[PDB]
Amino acid sequence: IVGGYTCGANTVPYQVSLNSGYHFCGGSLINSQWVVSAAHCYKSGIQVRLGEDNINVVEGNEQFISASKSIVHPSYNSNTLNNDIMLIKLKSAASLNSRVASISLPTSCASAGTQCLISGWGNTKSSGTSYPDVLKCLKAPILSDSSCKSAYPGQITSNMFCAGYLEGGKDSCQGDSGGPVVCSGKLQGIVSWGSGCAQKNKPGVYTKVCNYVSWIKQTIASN
Ligand SMILES: Cc1cccc(-c2cc3cc(C(=N)N)ccc3[nH]2)c1
Ligand SMILES: [Ca+2]
């Protein structure tokens, strides 16, 4: 997260860290047994870490649970990142509490102008590299589809939306991928891609979760 702020320990209880010996992507807890992340975050040997703030220090509210199964969207295209969404099932149900909670799925899509909360442990620099130990937060509005498509001609599909600021300075970044974009209490996006980080006229691109609710619910119910 570039141009953001320190969320505060466990202020984003649904935020998860995917670990394969190190933090490599974010995710969102949707119920005690399932996590939603980006398909491009797929990897074998994933351990889901919940209740995290400083990912390099055991602070006392963590829950480390190995993934038992991963399900990348049937139509995921790694070349274009269309349908960049994946589900991860926990080997054992997480113990829900004030610091480890699920985020509700949307019942309808969000409109341009809606403010959202984007979070993660990704790079905090627009130029160069610096990875934070504590969770970073960023408030950003959903942008018009036209401004999104103008920035990335021919690359934006109906399963993607842009959020952030065209002037630059505030954006999600490498390491935040797979993480949450929550608007009006609903998980509306997943950190997916973009161009550089916090660059002018190059907003972040997010997977449009409202298009996948039917798939998510049916998949979780059958697995
Ligand atoms: C699979 C793959 C290949 C090459 C680049 C990316 C990527 C761009 C990007 C841009 C942002 C951003 N500035 N919001 C966040 C995460 C991001 N991930 C992903
Ligand atoms: Ca920790």
# chains A, B, ... in the order shown; residues from 1 in each chain; ligands from 1
>>> residues_near_ligand(ligand="ligand 2", cutoff="6 Å", atoms="only C-alpha atoms and all ligand atoms", output="MDAnalysis selection string")
chainID A and resid 52:59
>>> write_last_selection(atoms="N, CA, C and O atoms", output="tab-separated table (two decimals), in the first residue's frame")
chain	number	residue	atom	x	y	z
A	52	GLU	N	-3.41	-11.43	12.06
A	52	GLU	CA	-2.09	-10.82	11.92
A	52	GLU	C	-2.04	-9.30	11.86
A	52	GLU	O	-2.95	-8.65	11.36
A	53	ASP	N	-0.96	-8.74	12.41
A	53	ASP	CA	-0.70	-7.31	12.29
A	53	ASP	C	0.75	-7.28	11.84
A	53	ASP	O	1.02	-7.13	10.65
A	54	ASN	N	1.70	-7.43	12.76
A	54	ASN	CA	3.10	-7.47	12.35
A	54	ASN	C	3.36	-8.91	11.91
A	54	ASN	O	3.40	-9.80	12.74
A	55	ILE	N	3.54	-9.13	10.62
A	55	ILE	CA	3.77	-10.49	10.13
A	55	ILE	C	5.11	-11.12	10.50
A	55	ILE	O	5.33	-12.30	10.21
A	56	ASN	N	6.00	-10.36	11.13
A	56	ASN	CA	7.30	-10.90	11.53
A	56	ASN	C	7.45	-11.09	13.03
A	56	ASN	O	8.53	-11.48	13.51
A	57	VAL	N	6.38	-10.84	13.78
A	57	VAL	CA	6.41	-11.00	15.23
A	57	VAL	C	5.14	-11.69	15.71
A	57	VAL	O	4.05	-11.28	15.33
A	58	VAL	N	5.27	-12.73	16.52
A	58	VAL	CA	4.09	-13.41	17.05
A	58	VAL	C	3.58	-12.52	18.19
A	58	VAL	O	4.22	-12.42	19.24
A	59	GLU	N	2.44	-11.88	17.96
A	59	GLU	CA	1.89	-10.96	18.95
A	59	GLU	C	0.82	-11.53	19.88
A	59	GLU	O	0.47	-10.89	20.87
>>> residues_near_ligand(ligand="ligand 1", cutoff="9 Å", atoms="only C-alpha atoms and all ligand atoms", output="JSON, numbers by chain")
{"A": [1, 2, 39, 40, 41, 78, 79, 80, 81, 122, 126, 162, 163, 164, 170, 171, 172, 173, 174, 175, 176, 177, 178, 191, 192, 193, 194, 195, 196, 197, 198, 199, 202, 203, 204, 205, 206]}
>>> write_last_selection(atoms="N, CA, C and O atoms", output="short mmCIF file (atom, residue, chain, number, x, y, z; two decimals), in the first residue's frame")
data_model
loop_
_atom_site.label_atom_id
_atom_site.label_comp_id
_atom_site.auth_asym_id
_atom_site.auth_seq_id
_atom_site.Cartn_x
_atom_site.Cartn_y
_atom_site.Cartn_z
N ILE A 1 0.86 -1.22 0.00
CA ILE A 1 0.00 0.00 0.00
C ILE A 1 0.88 1.24 0.00
O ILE A 1 1.71 1.43 0.90
N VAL A 2 0.71 2.08 -1.02
CA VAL A 2 1.49 3.32 -1.13
C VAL A 2 0.61 4.51 -0.79
O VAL A 2 -0.52 4.62 -1.26
N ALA A 39 -6.41 -15.40 -8.15
CA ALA A 39 -5.94 -16.61 -8.80
C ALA A 39 -4.44 -16.53 -9.11
O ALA A 39 -3.76 -17.55 -9.09
N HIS A 40 -3.92 -15.34 -9.38
CA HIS A 40 -2.50 -15.25 -9.69
C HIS A 40 -1.62 -15.44 -8.46
O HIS A 40 -0.39 -15.43 -8.54
N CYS A 41 -2.27 -15.63 -7.31
CA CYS A 41 -1.55 -15.87 -6.06
C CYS A 41 -1.42 -17.37 -5.82
O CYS A 41 -0.78 -17.80 -4.87
N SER A 78 -4.35 -16.33 -17.05
CA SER A 78 -3.18 -15.69 -16.48
C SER A 78 -2.53 -14.64 -17.38
O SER A 78 -1.82 -13.76 -16.91
N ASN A 79 -2.79 -14.72 -18.68
CA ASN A 79 -2.23 -13.75 -19.62
C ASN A 79 -2.85 -12.36 -19.45
O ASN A 79 -2.15 -11.35 -19.43
N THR A 80 -4.18 -12.33 -19.30
CA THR A 80 -4.92 -11.08 -19.18
C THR A 80 -5.40 -10.78 -17.76
O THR A 80 -5.83 -9.67 -17.46
N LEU A 81 -5.32 -11.80 -16.90
CA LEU A 81 -5.77 -11.72 -15.51
C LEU A 81 -7.28 -11.60 -15.40
O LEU A 81 -7.80 -11.18 -14.37
N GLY A 122 1.84 -5.05 1.28
CA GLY A 122 2.65 -4.83 0.09
C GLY A 122 3.58 -3.64 0.15
O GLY A 122 3.61 -2.90 1.14
N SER A 126 6.47 4.12 -4.20
CA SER A 126 6.08 4.25 -5.60
C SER A 126 7.32 4.03 -6.46
O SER A 126 7.25 3.48 -7.56
N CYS A 162 -11.54 -0.23 -11.52
CA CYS A 162 -10.40 0.53 -11.02
C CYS A 162 -10.82 1.31 -9.79
O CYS A 162 -11.98 1.68 -9.63
N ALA A 163 -9.85 1.56 -8.91
CA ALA A 163 -10.11 2.33 -7.71
C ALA A 163 -8.82 3.06 -7.36
O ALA A 163 -7.73 2.60 -7.69
N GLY A 164 -8.96 4.22 -6.73
CA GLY A 164 -7.77 4.97 -6.37
C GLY A 164 -7.85 6.42 -6.78
O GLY A 164 -8.93 7.02 -6.81
N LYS A 170 -1.39 7.45 -4.14
CA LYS A 170 -2.12 6.50 -3.29
C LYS A 170 -2.57 5.31 -4.12
O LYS A 170 -3.30 5.47 -5.11
N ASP A 171 -2.17 4.11 -3.72
CA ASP A 171 -2.51 2.92 -4.50
C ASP A 171 -2.09 1.65 -3.76
O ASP A 171 -1.34 1.71 -2.78
N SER A 172 -2.59 0.50 -4.21
CA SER A 172 -2.18 -0.77 -3.62
C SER A 172 -0.91 -1.11 -4.40
O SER A 172 -0.56 -0.38 -5.33
N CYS A 173 -0.23 -2.19 -4.06
CA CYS A 173 1.02 -2.51 -4.76
C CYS A 173 1.43 -3.97 -4.59
O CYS A 173 0.70 -4.77 -3.99
N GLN A 174 2.60 -4.32 -5.13
CA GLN A 174 3.12 -5.68 -5.03
C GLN A 174 3.09 -6.15 -3.58
O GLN A 174 3.54 -5.44 -2.68
N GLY A 175 2.56 -7.34 -3.35
CA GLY A 175 2.48 -7.86 -1.99
C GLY A 175 1.08 -7.70 -1.42
O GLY A 175 0.72 -8.39 -0.46
N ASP A 176 0.30 -6.79 -1.99
CA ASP A 176 -1.07 -6.58 -1.54
C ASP A 176 -2.02 -7.48 -2.32
O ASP A 176 -3.16 -7.67 -1.93
N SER A 177 -1.53 -8.01 -3.44
CA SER A 177 -2.33 -8.87 -4.31
C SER A 177 -3.10 -9.94 -3.58
O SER A 177 -2.57 -10.59 -2.67
N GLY A 178 -4.35 -10.14 -3.99
CA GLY A 178 -5.19 -11.14 -3.37
C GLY A 178 -5.96 -10.57 -2.19
O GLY A 178 -6.93 -11.17 -1.74
N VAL A 191 -7.36 -7.25 -4.77
CA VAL A 191 -6.20 -6.59 -5.38
C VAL A 191 -5.69 -7.50 -6.49
O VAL A 191 -5.25 -8.62 -6.24
N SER A 192 -5.75 -7.02 -7.73
CA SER A 192 -5.34 -7.82 -8.88
C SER A 192 -4.12 -7.33 -9.64
O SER A 192 -3.08 -8.00 -9.66
N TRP A 193 -4.22 -6.17 -10.29
CA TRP A 193 -3.08 -5.65 -11.03
C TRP A 193 -3.11 -4.14 -11.23
O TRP A 193 -3.82 -3.42 -10.52
N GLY A 194 -2.30 -3.67 -12.17
CA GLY A 194 -2.20 -2.25 -12.48
C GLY A 194 -0.86 -2.01 -13.15
O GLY A 194 -0.22 -2.96 -13.60
N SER A 195 -0.44 -0.75 -13.22
CA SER A 195 0.84 -0.41 -13.84
C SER A 195 1.69 0.34 -12.81
O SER A 195 1.36 1.46 -12.42
N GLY A 196 2.78 -0.28 -12.38
CA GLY A 196 3.61 0.35 -11.38
C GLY A 196 2.75 0.50 -10.14
O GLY A 196 1.80 -0.26 -9.95
N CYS A 197 3.06 1.49 -9.31
CA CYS A 197 2.29 1.73 -8.10
C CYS A 197 2.18 3.22 -7.81
O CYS A 197 3.18 3.93 -7.81
N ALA A 198 0.96 3.68 -7.59
CA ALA A 198 0.70 5.09 -7.28
C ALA A 198 1.19 6.04 -8.37
O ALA A 198 1.51 7.19 -8.08
N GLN A 199 1.24 5.57 -9.61
CA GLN A 199 1.68 6.42 -10.72
C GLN A 199 0.50 7.21 -11.26
O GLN A 199 -0.65 6.77 -11.19
N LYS A 202 -2.63 5.93 -13.70
CA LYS A 202 -2.54 4.47 -13.75
C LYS A 202 -3.05 3.91 -12.43
O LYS A 202 -2.27 3.47 -11.59
N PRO A 203 -4.38 3.91 -12.25
CA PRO A 203 -5.02 3.41 -11.03
C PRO A 203 -4.93 1.90 -10.87
O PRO A 203 -4.64 1.18 -11.82
N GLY A 204 -5.19 1.42 -9.66
CA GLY A 204 -5.14 -0.01 -9.42
C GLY A 204 -6.34 -0.70 -10.05
O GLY A 204 -7.41 -0.10 -10.18
N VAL A 205 -6.14 -1.94 -10.47
CA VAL A 205 -7.19 -2.74 -11.09
C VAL A 205 -7.55 -3.87 -10.12
O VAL A 205 -6.67 -4.55 -9.58
N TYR A 206 -8.85 -4.07 -9.91
CA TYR A 206 -9.35 -5.05 -8.96
C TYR A 206 -10.37 -6.01 -9.54
O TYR A 206 -11.15 -5.64 -10.42
#
>>> select_by_dssp(residues="range 33-195 of chain A", states="strand (DSSP E)", output="VMD selection string")
chain A and resid 34 to 37 47 to 50 63 to 72 86 to 90 115 to 120 136 to 141 160 to 163 180 to 183 186 to 193
>>> write_last_selection(atoms="C-alpha atoms", output="tab-separated table (two decimals), in the first residue's frame")
chain	number	residue	atom	x	y	z
A	34	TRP	CA	-12.93	-20.29	3.44
A	35	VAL	CA	-10.66	-17.55	2.12
A	36	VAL	CA	-10.97	-15.57	-1.13
A	37	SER	CA	-7.80	-14.39	-2.88
A	47	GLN	CA	-0.56	-21.61	5.10
A	48	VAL	CA	-3.27	-19.10	5.93
A	49	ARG	CA	-2.36	-16.67	8.70
A	50	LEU	CA	-5.25	-14.94	10.46
A	63	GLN	CA	-4.11	-18.46	13.93
A	64	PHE	CA	-1.97	-20.39	11.45
A	65	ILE	CA	-3.95	-22.91	9.41
A	66	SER	CA	-2.78	-24.92	6.40
A	67	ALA	CA	-4.92	-24.85	3.28
A	68	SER	CA	-6.50	-28.21	2.43
A	69	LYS	CA	-7.66	-27.23	-1.06
A	70	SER	CA	-7.27	-24.41	-3.57
A	71	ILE	CA	-9.75	-23.66	-6.35
A	72	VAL	CA	-8.72	-21.24	-9.08
A	86	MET	CA	-9.42	-18.17	-6.21
A	87	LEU	CA	-10.91	-19.90	-3.17
A	88	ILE	CA	-8.86	-21.51	-0.41
A	89	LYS	CA	-10.29	-23.98	2.10
A	90	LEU	CA	-8.78	-24.25	5.58
A	115	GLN	CA	-15.40	4.81	-1.01
A	116	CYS	CA	-13.63	1.58	-0.09
A	117	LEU	CA	-10.93	0.30	2.25
A	118	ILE	CA	-7.96	-1.43	0.63
A	119	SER	CA	-5.42	-3.16	2.89
A	120	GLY	CA	-2.26	-5.24	2.78
A	136	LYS	CA	-1.33	-0.80	5.91
A	137	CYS	CA	-4.68	0.78	4.99
A	138	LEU	CA	-5.95	3.04	2.21
A	139	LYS	CA	-9.31	4.69	1.59
A	140	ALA	CA	-10.00	4.95	-2.14
A	141	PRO	CA	-13.05	5.55	-4.35
A	160	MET	CA	-12.51	-5.74	-13.35
A	161	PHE	CA	-12.83	-2.24	-11.92
A	162	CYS	CA	-10.40	0.53	-11.02
A	163	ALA	CA	-10.11	2.33	-7.71
A	180	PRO	CA	-9.51	-7.05	0.15
A	181	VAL	CA	-11.28	-3.99	-1.20
A	182	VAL	CA	-14.26	-3.51	1.11
A	183	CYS	CA	-16.99	-1.02	0.34
A	186	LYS	CA	-19.03	-5.84	1.47
A	187	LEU	CA	-16.04	-7.49	-0.22
A	188	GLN	CA	-16.33	-5.83	-3.65
A	189	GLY	CA	-12.80	-6.27	-4.93
A	190	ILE	CA	-9.58	-8.26	-4.81
A	191	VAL	CA	-6.20	-6.59	-5.38
A	192	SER	CA	-5.34	-7.82	-8.88
A	193	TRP	CA	-3.08	-5.65	-11.03
>>> select_by_dssp(residues="range 78-216 of chain A", states="alpha helix (DSSP H)", output="JSON, numbers by chain")
{"A": [145, 146, 147, 148, 149, 150, 151, 213, 214, 215, 216]}
>>> atom_distance(atom1="CA of residue 215 in chain A", atom2="CA of residue 148 in chain A")
25.1 Å
>>> closest_residue(among="A:101, A:216, A:96, A:135", to="residue 26 in chain A", atoms="only C-alpha atoms")
A:135
>>> atom_distance(atom1="CA of residue 38 in chain A", atom2="CA of residue 83 in chain A")
8.7 Å
>>> closest_residue(among="A:85, A:153, A:111, A:179", to="residue 15 in chain A", atoms="only C-alpha atoms")
A:179
>>> closest_residue(among="A:109, A:46, A:143, A:103", to="residue 20 in chain A", atoms="only C-alpha atoms")
A:46
>>> closest_residue(among="A:94, A:105, A:16, A:166", to="residue 211 in chain A", atoms="only C-alpha atoms")
A:105
>>> closest_residue(among="A:75, A:201, A:95, A:214", to="residue 152 in chain A", atoms="only C-alpha atoms")
A:201
>>> closest_residue(among="A:18, A:134, A:9, A:210", to="residue 100 in chain A", atoms="only C-alpha atoms")
A:9
>>> atom_distance(atom1="CA of residue 42 in chain A", atom2="CA of residue 25 in chain A")
9.3 Å
